[PDB]
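Consider the single chain below, provided in C-alpha cells and representing the form deposited without this ligand.
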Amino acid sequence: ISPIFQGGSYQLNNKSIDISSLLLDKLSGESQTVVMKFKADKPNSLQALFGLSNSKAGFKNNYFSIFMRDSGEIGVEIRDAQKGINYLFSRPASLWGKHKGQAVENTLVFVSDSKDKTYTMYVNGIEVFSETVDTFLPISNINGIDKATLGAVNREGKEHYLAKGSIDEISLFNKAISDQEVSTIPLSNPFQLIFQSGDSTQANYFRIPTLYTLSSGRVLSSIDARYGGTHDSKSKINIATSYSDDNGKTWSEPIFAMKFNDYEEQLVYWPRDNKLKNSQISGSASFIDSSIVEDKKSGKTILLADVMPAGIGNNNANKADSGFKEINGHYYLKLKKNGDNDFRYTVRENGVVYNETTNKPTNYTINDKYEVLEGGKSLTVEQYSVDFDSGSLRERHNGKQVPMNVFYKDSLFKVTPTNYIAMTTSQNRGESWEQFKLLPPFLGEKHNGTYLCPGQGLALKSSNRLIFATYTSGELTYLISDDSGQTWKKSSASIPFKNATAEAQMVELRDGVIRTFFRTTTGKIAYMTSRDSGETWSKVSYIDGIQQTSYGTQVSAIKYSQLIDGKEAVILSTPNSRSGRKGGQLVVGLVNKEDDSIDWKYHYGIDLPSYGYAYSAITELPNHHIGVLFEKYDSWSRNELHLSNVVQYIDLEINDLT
C-alpha cells in the first residue's frame, strides 16, 4: 500500500505544525498505520508528536494522539466523548534520546486495526504494546475531527502537549499493516539485541547482563532469562548465554548454561496493572545473578550463579542454614524426604543418599544433574505451567513428566529452602555447558550462601588464580580458586554496612593489585584494594563525583588495555543519579602510578539523564572498542516492571568517551 500522506523534515520548536489540509481528506476506512521517524534529545515533560483532534469548543475529549514523556515512555490516547470511549495505552522506557553526541532517529510504527480490534505500537523494531478492545475506536472516526497536527494536540483552539524535537519522516496508510510488513521498515537503531523475546530461551524478560572477552577473541554474554515477568526469585529463571565471534556485530542464538525443568519454558505477557503486577511464580526453582571468567590453565570458561530451590528467593530463604551438614571437615548436602519434619538425609560421595538417623545408606542416589534415582532408575515429577485464564495467576500440572530434581517442589527428597551458589564450565567457549555443581558453604554450617556479584570474575594476569566476588551481611566474601575451579577458599573483607546489596566488580590495576568497586547504601560507589592477589583487603573508600540512589545499583568495571592521556585507565559503567536508575554513564578514570589513586576525568552520557539505565556489563572488545550490554529502564521503579527487549547492546570507541 502507498501512503495517503508523506511529509518530512519538520522542526518542532514548541510550536505545532498544521497538516490538516494535506491529511484529513485523505483519511478513509477504519484501519490506519502511522510510521514516524523522529528525534527528541531535549523533550518537554509530556509532549505530543502527532495529533488528530476535534478543535471545537465543547469537544476537548475528542482526539487521537501519539505522545511521549521525558522518561522515555511512549503512548497513545484515543478519545471520543459521544462514543463514550477514553483509551490510553503506553509503555515506559520505549525511546532513545542521544548516542555518541547525536540525537537518535527513533522509528515508530502505530497500527490501528479495526478488523482485529487491536492497537499495536512498535518503536525501534520492538513491539511495546498490543491491546485488543471490545469496542474499537477508529482514529479516523472520532466525532468532528477537523485538525491534524504535528508537535501538539489542538484542543478548543489551544496547543496542548507542545513538543520539542523533529519529525524527519511521517507517513500514514489507510490499512493495518501486518507484522511482516512492519519488519521490512528500515530502522536507524543505535543498539542491538543479543537476547530478545521469542528467542530460543522463550523467556519474555531478561535481566542482569554480563560480558566477557575470551582469549580467542570470542565475546561471551550471560543473562537471567526471566519467565514470570522481571521479578527476582522466587520465580522461574534460567541462565542463558550467547557469544560473538565478530567483535559484537552478530550474536549466536542463545543456549542455557543453567536450567531447571520443573516448570515449562513459557513466553508470557506478564500483567502490568496495579492489581496483578506483583503476581509471582511461587512454586518454581530458579537461578539468578550469573558471573563468568576464563581459566588460562584448563582453557575452560567458568560460569557461576545463585541457585534457588522451588518457591525460594532472597525474601524467604533460610538465613541461618547453609543447607549442608559438616561430617568431619567435609560438607554434604542435606535432604528432607516426603513426610519427615526434619532433614534426616545427606548426599555423599558418588551421590549416595545417606540416612542420618541410622547412618545407613539408602537405595536412592543423586546423579550429576541433581536428579533422584531409585535403584539406578530415574524418578520423575509432573511439570507445571502458569496461566492467567482465571483472572489471576495459577500454577498447574501440565501432564508432562520430567526428571525428579532435589530442587523441585514435587521431589521425593528436597534440599534446604535457602540460597546456594553453583558453578558450570564450558570446554568449547560457550557452545555447550556442563551440568552444574554446588559450591560448598564458606561461612559455616549455619550461615546461608553468600550472594554472587553479577558480571565478571577476575583471572589474574600473572598466575592461574580465579576470583569471584560475592557479598553477605557485613562483608564481601571473595571466592578464590587456583585449580580451575576444582576447589575454592574464601577471603573475607569487612564493609561498614549491614545487609547491603554490595554488588562488587574487580579490576587488576597492575600485577597482583586488585581494586574492587561496589554498590553501597550511602549514595556513593565504594572501593577497596588488595596488593596480594586477593589474600588481604584495604579499608573502604568512596568515589566522589558519581551519584547513586540510597539503595544503589550494580556497577561494572574494566581495566582498559591502552594508555589514555599517557596513563593507565579504568572504565566504570553505572547510572549517575541520586534519584533513580537513569542517567547512564561510562566514567573513565586515570590511575596515579605514585599511589594508585584514580582521577575520574571523563564522563560519557550513554543517553539522556532522564532515560533509564540500571544493571550493566562492559568489556574491552578485541579491537579495543568498548561493548556495553545494559538494562535500559529503571529496574527499581514499580512503574517499569515487566518490560520486554530493554536489555540492549551498544558499541563505543574511546574517542566517543573522551
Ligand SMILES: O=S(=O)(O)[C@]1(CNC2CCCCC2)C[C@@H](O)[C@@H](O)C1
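Note that residue numbering begins at 1 and tracks the sequence as displayed.
Omitted here: the form solved in complex with this ligand. The next part is about that form.
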Listed range touching this ligand, judged in the bound PDB entry by heavy atoms within 4.5 Å, from 618-626, 55-63, 41-49, 596-604: 618-626
4.5 Å heavy atom contact, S556 to this ligand in the bound PDB entry: no
4.5 angstroms heavy atom contact with this ligand in the bound PDB entry for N338: no
Partner contact for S71 in the bound PDB entry: this ligand, 4.5 angstroms, heavy atom: no
Proximity of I170 to this ligand in the bound PDB entry, heavy atoms at 4.5 Å: no
Contact residue in the bound PDB entry, from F195, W96, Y212, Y205 (heavy atom within 4.5 Å of this ligand): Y212
Of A459, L438, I543, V570, the one that lies within 4.5 Å of this ligand in the bound PDB entry (heavy atoms): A459
Residues in 561-580 with any heavy atom within 4.5 Å of this ligand in the bound PDB entry: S561
